[PDB]
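Visitor: Experimental structure and sequence below, a few questions after.
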Amino acid sequence: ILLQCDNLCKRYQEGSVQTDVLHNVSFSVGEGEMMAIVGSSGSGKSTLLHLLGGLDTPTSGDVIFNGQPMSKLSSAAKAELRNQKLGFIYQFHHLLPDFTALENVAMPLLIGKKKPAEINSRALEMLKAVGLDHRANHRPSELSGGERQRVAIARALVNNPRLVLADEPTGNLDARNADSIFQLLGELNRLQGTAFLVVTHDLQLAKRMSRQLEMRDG
Amino acid sequence: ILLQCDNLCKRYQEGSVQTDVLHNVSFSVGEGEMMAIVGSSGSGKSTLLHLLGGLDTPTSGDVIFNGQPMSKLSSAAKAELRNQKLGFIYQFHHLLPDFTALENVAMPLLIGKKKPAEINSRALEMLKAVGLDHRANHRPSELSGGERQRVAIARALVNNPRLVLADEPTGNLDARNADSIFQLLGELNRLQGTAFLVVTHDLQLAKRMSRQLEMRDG
Amino acid sequence: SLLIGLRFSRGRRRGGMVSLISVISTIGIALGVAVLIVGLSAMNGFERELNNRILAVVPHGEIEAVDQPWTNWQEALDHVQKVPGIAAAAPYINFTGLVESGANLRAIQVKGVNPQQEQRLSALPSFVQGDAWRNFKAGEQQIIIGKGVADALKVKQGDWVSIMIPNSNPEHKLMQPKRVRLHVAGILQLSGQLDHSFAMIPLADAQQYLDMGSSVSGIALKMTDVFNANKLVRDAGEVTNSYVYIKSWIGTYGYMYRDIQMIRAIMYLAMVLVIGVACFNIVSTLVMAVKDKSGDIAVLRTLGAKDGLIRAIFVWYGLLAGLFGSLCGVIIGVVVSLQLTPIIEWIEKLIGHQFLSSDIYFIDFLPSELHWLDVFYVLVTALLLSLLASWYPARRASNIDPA
Amino acid sequence: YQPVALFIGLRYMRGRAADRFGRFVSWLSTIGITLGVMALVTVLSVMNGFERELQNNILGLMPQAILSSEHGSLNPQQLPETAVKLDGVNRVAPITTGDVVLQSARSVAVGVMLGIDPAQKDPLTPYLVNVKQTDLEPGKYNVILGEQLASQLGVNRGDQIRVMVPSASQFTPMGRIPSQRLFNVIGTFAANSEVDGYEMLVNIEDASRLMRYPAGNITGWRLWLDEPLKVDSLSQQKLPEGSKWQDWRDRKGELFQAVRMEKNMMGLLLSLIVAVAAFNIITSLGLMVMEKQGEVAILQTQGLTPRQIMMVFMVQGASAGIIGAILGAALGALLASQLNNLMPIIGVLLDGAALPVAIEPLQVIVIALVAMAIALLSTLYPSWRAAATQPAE
Ligand SMILES: *C[C@H](COC(=O)CCCCCCCCCCCCCCC)OC(=O)CCCCCCCCCCCC
């Protein structure tokens, strides 16, 4: 309903091997629940996350949003669609190591309505809700490696995040307190949240979502 | 009949926030005796190679070399030891893009030799030793990643080797040639004694050889 | 060492903004050294034209006496005056008469010289296709006229001249204007402001107008040296008369040499500043390149080579970039320099506005010559500045291996 | 913090702990522009001071734009000075000039004479020596020569000289009858300028009788200008009734066109300096985009448009240009200002002798504005390429 996936593949030079990802897939996003699709990697699955977002024109593929197509809009039109409603973390430590962690969290807040009293106030408590209040003003460079990822998780969540398409909540973890982020998304769903598409490359301790799929190299 | 053990340990520069690596290190390399380590280096064990071999100064404890502690010498003196005796592969990815493989393997000898004429000859005879005469004079990026490690090892042993701190010798190639490197490495042992200390995390060949140790936290 | 650096440059052909990171530095060096070369060539051309168009026709010095007009061959001997330093000498008559022809007129300083003495003394040919100097004798009492003056009077090779001549009298009979018109003998072209003042008459015939006998004023020098003029012109006493102060070639036209040298220094300093800015550009690209290739610098450290080689690698990289830029610039400068006058004429025709005014400037056209030592100096200074810029990334190339 | 996305650019300016702010790579463009503007303002101001020194020398002692009638000499009754207030002038005074030739007992010379009334003050007055012009009453046929003119003509004081006006008669079948009347010298004026040798002072009535003008009419009125260099603009003006507006552009003018061309040539060289600085600008941003092409991916999905990020790199280069232009202009004007007063004496090296300087504020402001425009227009290419696609995230 929310997002309807279609045949998506990656193209290379015509003379060489194009290395197509997939050519027969059709998946839909239910408003309220989520999917989980992971199989054998090594064919652009990590980059396939970026394909869902409004980044690159699909090769013989297309995606649609609520009531209107997403691949048939201008760049300016795309901006509002993925600003206040759609956010997602990445594979590596992409958290812009130039600003402050408060600014990184509030970065998409700043791109929008100017409620500076609310913008600073929400981020401190919301990051604390993730489990980081003290030392929050520190730069990301001077921070724990595993703590780098959890900050991005808060960044991926906004005022009204309609959908998230991230796929790596795991990685640099601690296995003692890092388990909290698993239930944080569910807690928002348990507190009237939105669809949270998320699934890790390792199914162990990660199949706890609504439904479990596999990835194909067609 | 050589210690190689000084109870050395390594920690972060600060030590108050960032964690450290395993403590009370006890290498017993001694003379040209082959070893193998499979103690799950994926959890983080390459820091010893940053110390073992003089790559970086250790916070605590030193390493006893052949007859003199290399830690108590100038970096210029240290670099001479690294070039003449020690052979590294590690996972620097050993990529010299836009630099041809034939010269790439000969680079350690190309740091100065009595006669430049025979430097190339040593390169070809190592290429045939690993079986890389075909497609030798072309860019490494053009060549597939299967033979990427095949040329990588030759650069480690093209100079007369006595210490080889090999990492991941299998690569991502077939088990026939993956096991055959032991015959290839064994051939160099027939010529003269040369150490082959390997740190990996793959258990297929963990029991494949003799004098195998393991140390991840102790 | 050269292999790593050279293949580093040519290697980065894919990615890294090849058309915005290297060609820009090349263009910077090119414009810098090219315009500096053109400027130095123009200055050398100015020196050559000043030597062959002013120094060869202006008397190298003057001798004057506040007493009666006769100085030499009547009261003294110019042969006594000849001392080591002077190539030759010949008496000259300073005879200002001025010319008016009704609606046309200009100011001239008529000068009386023997044709053989001037031919032997200084290179002042008739400079016209007529070549009437051999006919210019003490015969029909012909008069030489400058081009600008002849243009003003609209006169030509053969016609009468409305020359005005004064008279002298020891406070007995004054203000009796007189005029004599004999002939005109060609033009005297220098393509400079001197063409509007000079007018020559045979000395023997000139004595026939200024009513005296065997009496000539001073102004008799020709000097083999062209810079020591101010010093050894102090050769008075050999003719006695007055020795307080005598005019020399310094002062009247000595400011031209000072101006030429000063322009050279100003242009050199400004273009060295240009090369310094382009060196800022190249040091920026060097630090960016060393930041990009940090992994390779790490593995080369793992494989022997000490601190020196990497420093040498990046110094050679920067020096190669600067050398390519300087070579392109210098070849452009050389090819444009040897055709400087044609291109200046071309742009003047296109613009339709004369760049150099013949009224105030002494050239009327832009000269140019190449010395092939200025070029060597240009490459030396460009490469030196490039190395000076490259020094900093070399020091910030000894970074410890990240992993 | 500022909903203009300039926060990102400002933080890039300051940079992280190990960024280019302290490595002299972000401000290298700034210092290049600073040196370029330094050369521009300093050299242009000094050479403009040279030009202004000529303004007071050969125009501050010279007739400027005499107002003469179309038919010929202007009768003062027909067009009185009471109604010739043209905008742009300073004041007015009657004058008469013309080309004349001077012959003494020994030598001959040519010059232009000034038919001025001693009643009014003369810009040559503070340069007379042992002479007061009030003796220039009508009838005596008096005249005052210049020091260089006197030296050329030999006469010093009390001698009698003749003036020949070429534009007179020359029609009688007796060959020629030029207007010639004897005058006597009284003294010299010793202004240290090249106006000497062709400038002499005569009474107005004597000038009128010299040139055969009917009645006591005058050729025209001297028209002072506050900024005589821009006189060509004043050329197009509503002249009362029929008259010409004949200027110094005919006698002089070639020299001033030459000095203006010299000004333009020096400007071209120093503009080559600033253009090399501008070329340096684009590469620094090109590096600053090719690196941080990783961090653009983070922002690109976060919501801001390509136009939003096209500005943060645009202001990145521009802010470097802004600081460099202002700092160069302000510090550069300081160098010129102190190069005449409290000037470190270096006159032995160059021509020296108290290097004149004239800092014209309009000139400095335009140069700073152009440096702003050149720096900003350069940054377009790195900014435009900064938002193309999503490569190698
Ligand atoms: C006396 C000179 C003459 O004016 C010139 O030299 C004009 C420059 C032209 C010379 C170049 C000859 C070839 C023409 C083309 C060359 C390249 C053209 C490029 C086109 C894009 O004028 C002056 O020098 C007066 C200026 C006085 C300033 C000197 C010192 C002042 C400052 C001293 C201290 C500063 C720190």
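Guide: That came through fine. Residues are numbered from 1 along each chain as shown, chains lettered A, B, ... in the order given.
Visitor: I'd like the next helix or strand past the host helix or strand of residue C:149.
Guide: Here residue C:149 sits within helix C:147-153, counting by DSSP states H and E. Reading on from helix C:147-153 to the C-terminus, the next helix or strand found by DSSP H and E is strand C:184-188.
Visitor: In the sheet, which strands lie alongside that following strand, parallel or antiparallel?
Guide: strand C:143-146 (parallel) (DSSP bridges).
Visitor: ok, and what's touching the strand it pairs with?
Guide: The contact list for strand C:143-146, computed with CB atoms under 8 Å, 6 or more residues apart in numbering or on different chains, reads C:108, C:110, C:126, C:136, C:153, C:155, C:161, C:163, C:182-189, C:194-201. Where C-beta positions appear, they are placed from N, C-alpha and C, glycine not excepted.
Visitor: now that strand: how far from the chain's centre is it?
Guide: Chain-centre distance of strand C:143-146: 26 Å, with CA atoms, centre = their mean, to the nearest Å.
Visitor: try stretch C:60-75
Guide: 33 Å.
Visitor: Report whether that stretch contacts chain D.
Guide: No: if you take CB under 8 Å from any CB of the partner chain as the test, stretch C:60-75 misses chain D, and the best it gets is 10.2 Å.
Visitor: For that stretch, buried residues please.
Guide: C:60, C:61, C:62, C:63, C:64, C:65, C:69, C:70, C:71, C:72 (16 or more other CB atoms under 10 Å in any protein chain shown).
Visitor: Can you report phi and psi for the second one?
Guide: Same thing as residue C:61. Note on residue C:61: backbone dihedrals following degrees, to the nearest 10 are phi -180, psi 170.
Visitor: which bits of the stretch 151-300 of chain D sit near chain A?
Guide: When proximity is defined by CB under 8 Å from any CB, the stretch 151-300 of chain D lies next to chain A at D:294, D:295, D:297, D:298, D:299, D:300.
Visitor: which residue packs closest to the second one, ignoring adjacent ones?
Guide: This points to residue D:295. Using CB to CB, 6 or more residues apart in numbering or on different chains and skipping residues adjacent in sequence, the residue nearest residue D:295 is residue A:96, 5.3 Å away.
Visitor: My guess is that neighbour contacts residue A:107. True?
Guide: Yes: contact criterion CB atoms under 8 Å: residue A:96 and residue A:107 qualify, at 7.2 Å.
Visitor: Mutual contacts of these two, please.
Guide: Shared contacts of residue A:96 and residue A:107, counting by CB under 8 Å, 6+ apart, come down to residue D:299.
Visitor: the strands in chain C, which residues?
Guide: Here chain C has its strands, by DSSP state E, at C:86-88, C:93-95, C:99-101, C:104-106, C:109-113, C:143-146, C:184-188, C:198-202, C:222-223.
Visitor: Sort out which of the contacts of strand C:143-146 are buried, if you could.
Guide: C:108, C:110, C:126, C:136, C:153, C:155, C:161, C:163, C:184-189, C:194-201.
Visitor: What's the local residue count around residue C:280?
Guide: 25 (other CB atoms under 10 Å in any protein chain shown).
Visitor: List the contacts of residue A:75.
Guide: D:305, D:306.
Visitor: for the ligand, what are the nearby residues on the stretch 251-400 of chain C?
Guide: C:259, C:263, C:266 (CB under 6 Å from any ligand atom).
Visitor: redo that, cut-off 5 Å
Guide: Residues of the stretch 251-400 of chain C lying near the ligand by CB under 5 Å from any ligand atom: residue C:263.
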